[PDB]
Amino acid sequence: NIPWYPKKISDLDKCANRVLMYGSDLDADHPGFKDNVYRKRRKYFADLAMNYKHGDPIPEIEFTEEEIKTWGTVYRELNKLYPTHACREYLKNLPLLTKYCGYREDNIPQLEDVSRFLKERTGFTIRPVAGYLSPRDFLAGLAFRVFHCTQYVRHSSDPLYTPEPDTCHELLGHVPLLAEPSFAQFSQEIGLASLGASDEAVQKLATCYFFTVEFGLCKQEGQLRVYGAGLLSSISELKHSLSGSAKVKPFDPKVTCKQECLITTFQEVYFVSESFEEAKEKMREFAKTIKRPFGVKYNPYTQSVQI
């Protein structure tokens, strides 16, 4: 029996913010969970996300001097590593972000400005979210070219790694590729394939998504490079992935889809494709094997999904 799925872009208001939270589904010995004062600050961002309705501007945030300093460290340190660690497709759009989005060490990009930039480039827009979103709902968002983003900044004591996604993850891990027409098209295709598929089928697709677009590696002129958003936002996990001591295995959906997705620690294993194009291709073909009893298109003019 076909699970509920959104049919038009405003339907993303329905049961919004079904997110995984510390003290319910997440735990880790890390100050971003354990520092009570920091959790009280995080609730300011969460409330903003919970009251958002499609059509609203995204709330502009007054960040603390501490939060701005954290963004600065993350931005600066990651940019030193990208030239040697990131795949060329990721490197390509970095200068657009600085030139056309105001990415700077001394200022955190606002989600409203980034959404406007992305809409113009590939038609992607942003919706704010209170934490790690339910995988079904996150993939459903992509079908409308909607990327759900957190707005809080990770705990300042650990710029290197954080156990839930923060705004640095969205802005540095996802935005550069989302700015690329061919990648934005790929993203929506994966999202459309997920709509109304069984819980077991979505779990398998979402796991493969996690180990490719969140934590994926690819070969490039005989070398190992990274394209996964979750690595590209973590100073320490990014280095570790290419350190020579990480466990690395070929991406094979039928094996990979069984791996547990680790939200709050470094991964136990990373999966490699023979190239970045091969990664997208194997993902598209896997999405087609879902066994859904109907097909679906997106109509960008009505912003609705046609069966």
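Numbering starts at 1 and runs along the sequence shown.
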What stretch has the higher average Cα B-factor here, 52 to 60 or 251 to 259?
251 to 259
Tell me which stretch has the larger mean Cα B-factor in this entry, 75 to 83 or 96 to 104.
96 to 104
Among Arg39, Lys239, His30, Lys282, the highest C-alpha B-factor in the PDB entry belongs to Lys282
If you compare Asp47, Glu268, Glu67, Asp35, which has the highest Cα B-factor in the entry?
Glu268
What third of the chain does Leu171 rank in for C-alpha temperature factor, lowest, middle or highest?
lowest
CA B-factor ranking of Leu178, expressed as a third of its chain
lowest
Pull the Cα B-factor of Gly228 out of the PDB entry and bin it into the chain's lowest, middle or highest third.
lowest
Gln203: CA B-factor among chain residues, third -> highest
Among the chain's modelled residues, which third holds the C-alpha B-factor of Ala193?
middle
